[PDB]
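Colleague: structure for this input, please:
(one chain, ligands or ions: 2)
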Amino acid sequence: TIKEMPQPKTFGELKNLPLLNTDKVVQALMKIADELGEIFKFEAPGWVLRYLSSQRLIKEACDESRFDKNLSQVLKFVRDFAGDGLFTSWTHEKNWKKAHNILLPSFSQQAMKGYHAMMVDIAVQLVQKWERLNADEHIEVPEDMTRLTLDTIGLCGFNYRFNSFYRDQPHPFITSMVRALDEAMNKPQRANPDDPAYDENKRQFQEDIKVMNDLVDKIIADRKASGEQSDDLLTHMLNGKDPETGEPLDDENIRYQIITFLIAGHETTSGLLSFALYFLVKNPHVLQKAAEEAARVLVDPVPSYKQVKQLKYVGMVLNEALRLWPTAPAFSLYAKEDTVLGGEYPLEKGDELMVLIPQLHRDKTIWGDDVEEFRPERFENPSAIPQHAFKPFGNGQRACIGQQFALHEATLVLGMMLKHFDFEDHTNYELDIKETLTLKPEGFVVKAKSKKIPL
Ligand code: HEM
Ligand SMILES: CCCCCCCCCC(=O)N[C@H]1CCOC1=O
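Modeller: Residues are numbered from 1 along each chain as shown. Ligands and ions are numbered 1, 2, ... in the order given. Sure, the structure comes next:
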């Protein structure tokens, strides 16, 4: 049976659009998914998006012979400063496949052995920050984790120190990057993009694009002149050759990759870590298990690569945090041809889809009745997870190139956090989820009591 798909509440000639007039649009879409179910159509004057929430349907949409990565309105506006970087390029664009093939060995598990020492440098900065806090003081979790992860990609990306822990006041790159991401994410909700009440936003966006371009072009130019061969993504991209085309990346596409990376570091792995610590202090049985592992495995003052690989339960904690609050909550796809989804939903070539990863990860048919429970033990058998059930890093050849990088950093940092401190939810924090490009807990504070283990 061919069926009509449900649609949420309309607003006259604006259709669904005003439902985007919130700073918590994923959360609203999750609430809409709870009401309407495995698939609903979302219509604006400009476009139509079909939202997928079931494993059944999402496993079809993850067929690369039938569907390809789409740029949502948001990614299309991110492209104004991330250009044809790996994140904002179409799959069939020459520059996607070039950068993909050149950078893939830079992001392998083997390569993490190289980034390790630099990840540890920033990890120790956090631990030492927290060791030096006075007894009557708390930790601003997403704030400090976003400091750690930004600095990690600065050092590994292009051997630059943001020094995030050494200032309250942000780096001028980061003011512009955050304001551009805000404007990119806010544009699609405007009924009339071209009203003079958005001319100041338009001016500020152009300025922020220029600021980001100027500063990364200088970095690229300084590196080309020094001939300096640091083991960072920038050297790799400067010496890189695509085996297919035989071409290197042009300086402009390298600018887009650095901008892309700096966005990923600031938005994503910070959210994973913040949500991990949240679920630990709210599940002290799980916190105690994570902490015993950290204590038993991290027997040296500085964690080795090998020792991070051995933090299995910390790894399980991270996966279960990515299940309930995938900090990157969505990916879009398009129909490569006319076709039928789940034998029920006729699609035309070019029709846009959106996977709500938070809903896929709540599918009771996949995860059973205890779906809202935080149980890392769900991942204890890694091979029991069905195909296309857990997609915190997207799908196929357009999956996250930084997945090995993010889980290494996350495991390293959470390991060291659990070794060096006990954590109290002193304020009985009520989950409040701030949405940028990514989901983070807003206002999440804890107290860390030092376990007095020397570094
Ligand atoms: C916990 C951390 C992270 C999560 C949850 C995450 C999630 C994702 C997701 C869902 C996608 C696919 C987007 C789509 O289909 O539209 C993606 C793509 C990407 N991510 Fe991440 N990400 C993380 C960390 C990182 C980091 C640290 C980097 C780089 C420093 C990074 C770089 C990228 C890139 C370059 C792509 C585009 C890959 C391509 O299509 O070739 N990510 N990420
Ligand atoms: C990978 C992290 C970013 C997640 C994707 C951003 C989009 C999530 C919410 C959503 O569906 N918004 C629609 C509104 C119109 O066009 C969009 O883009």
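
Colleague: for ligand 2, what's the nearest residue on the chain?
Modeller: Across the chain, the shortest distance to ligand 2 (Cβ to the nearest ligand atom) belongs to residue 72, at 3.1 Å. The way it works is simple: take the backbone N, C-alpha and C, and place the C-beta from them, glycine included.

Colleague: which residues are in contact with that residue?
Modeller: By Cβ atoms under 8 Å, 6 or more residues apart in numbering, the contact set of residue 72 is 49, 188, 330, 332, 352, 354.

Colleague: check contacts around the nearest residue to the first one once chain neighbours are set aside.
Modeller: What sits nearest to residue 49 in space, not counting adjacent residues and going by Cβ to Cβ, 6 or more residues apart in numbering, is residue 42, at 4.6 Å. Residues near residue 42 by Cβ under 8 Å, 6+ apart: 7-8, 16, 19, 29, 48-51, 354.

Colleague: near ligand 1 too, which of those?
Modeller: The subset of these within reach of ligand 1, by Cβ under 6 Å from any ligand atom, is empty.

Colleague: follow-up on the earlier one: in CSV: the contacts of residue 72, plus secondary structure, distance to residue 116 and neighbour count.
Modeller: Formatted as CSV, those follow (DSSP: H, G, I helix; E, B strand; the rest coil; distance: Cβ to Cβ, whole Å; neighbours: other Cβ atoms under 10 Å):
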residue, secondary structure, distance to residue 116, neighbour count
49, strand, 40, 20
188, helix, 39, 18
330, strand, 31, 19
332, strand, 34, 19
352, strand, 40, 18
354, strand, 36, 20
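
Colleague: tell me the one of those residues nearest ligand 1?
Modeller: Distances from ligand 1 to the contacts of residue 72, taken as Cβ to the nearest ligand atom, are shortest for residue 332 (6.3 Å).

Colleague: against residue 279, how distant is residue 55?
Modeller: To residue 279, residue 55 is 22 Å away according to Cβ to Cβ, to the nearest Å.

Colleague: swap that for residue 401, sorry
Modeller: 26 Å.

Colleague: distance check, residue 387 against ligand 1.
Modeller: When distance is defined by Cβ to the nearest ligand atom, to the nearest Å, residue 387 is 17 Å away from ligand 1.

Colleague: let me see the contact set for that residue.
Modeller: Here residue 387 is in contact with residue 59 (Cβ under 8 Å, 6+ apart).

Colleague: what residues are up against the most centrally placed residue in the chain?
Modeller: Central residue of the chain (Cα atoms, centre = their mean): residue 268, 3.0 Å from the mean position. By Cβ under 8 Å, 6+ apart, residue 268 lies in contact with 149, 327-328, 402, 406, 437-438.

Colleague: grab the nearest non-local neighbour of the one residue in the chain that gets nearest to ligand 1.
Modeller: As assessed by Cβ to the nearest ligand atom, ligand 1 sits closest to residue 402 within the chain, at 2.4 Å. Of all residues not flanking residue 402 in the chain, residue 264 sits nearest, at 5.4 Å (Cβ to Cβ, 6+ apart).

Colleague: ranges for the helices of the stretch 51-200 of the chain?
Modeller: Taking DSSP state H, counting those that start in this stretch, the helices of the stretch 51-200 of the chain run over residues 55-61, 73-82, 94-103, 112-131, 141-158, 172-186, 199-226.

Colleague: please identify the most buried of these.
Modeller: Most buried of the helices of the stretch 51-200 of the chain, by mean neighbour count (mean count of other Cβ atoms under 10 Å): helix 141-158, with a mean of 24.

Colleague: tell me if that helix is near ligand 1.
Modeller: Yes: judged by Cβ under 6 Å from any ligand atom, helix 141-158 comes into contact with ligand 1 through residue 153.

Colleague: for that helix, what is the distance to the chain centroid?
Modeller: Between the centre of helix 141-158 and the centre of its chain there are 13 Å (Cα atoms, centre = their mean, to the nearest Å).

Colleague: where does residue 353 land in three-state SS?
Modeller: Here residue 353 is recorded as strand under DSSP: H, G, I helix; E, B strand; the rest coil.

Colleague: isn't it right next to residue 330, touching?
Modeller: No: counting by Cβ atoms under 8 Å, residue 353 stays clear of residue 330, with 10.4 Å between them.

Colleague: near ligand 2, which residues of the protein?
Modeller: Residues of the chain lying near ligand 2 by Cβ under 6 Å from any ligand atom: 20, 25-26, 72-74, 188, 328-330, 354, 437-438.

Colleague: in these, find the pair that's most separated.
Modeller: For the residues of the chain next to ligand 2, the farthest-apart pair by Cβ to Cβ is 20 and 328; their separation is 18.5 Å.

Colleague: so for these two, which residue has more residues nearby?
Modeller: residue 328 (21 against 18; other Cβ atoms under 10 Å).

Colleague: now do the same contact list for the more buried one.
Modeller: Residues in contact with residue 328 (Cβ under 8 Å, 6+ apart) are 267-268, 271, 357, 392-394, 400, 437-438.

Colleague: what's the local residue count around the closest residue to residue 432 other than its chain neighbours?
Modeller: Leaving aside its sequence neighbours, residue 432 sits nearest to residue 442 (Cβ to Cβ, 6+ apart; 4.5 Å). Residue 442 has 13 neighbours, counted by other Cβ under 10 Å.

Colleague: so which bits of the stretch 251-400 of the chain are right by ligand 1?
Modeller: By Cβ under 6 Å from any ligand atom, the residues of the stretch 251-400 of the chain that approach ligand 1 are 260-261, 264-265, 268-269, 272, 327-328, 331, 392-394, 398, 400.

Colleague: please repeat the previous calculation with a cut-off of 5 Å.
Modeller: 261, 264, 268-269, 272, 328, 331, 393-394, 398, 400 (Cβ under 5 Å from any ligand atom).

Colleague: mind listing what the closest residue to residue 380 other than its chain neighbours touches?
Modeller: Counting by Cβ to Cβ, 6+ apart, residue 316 is the residue found nearest to residue 380 once chain neighbours are left out, at 6.5 Å. Residue 316 sits next to 376-377, 379-380 when contact means Cβ under 8 Å, 6+ apart.

Colleague: great, nothing more from me.
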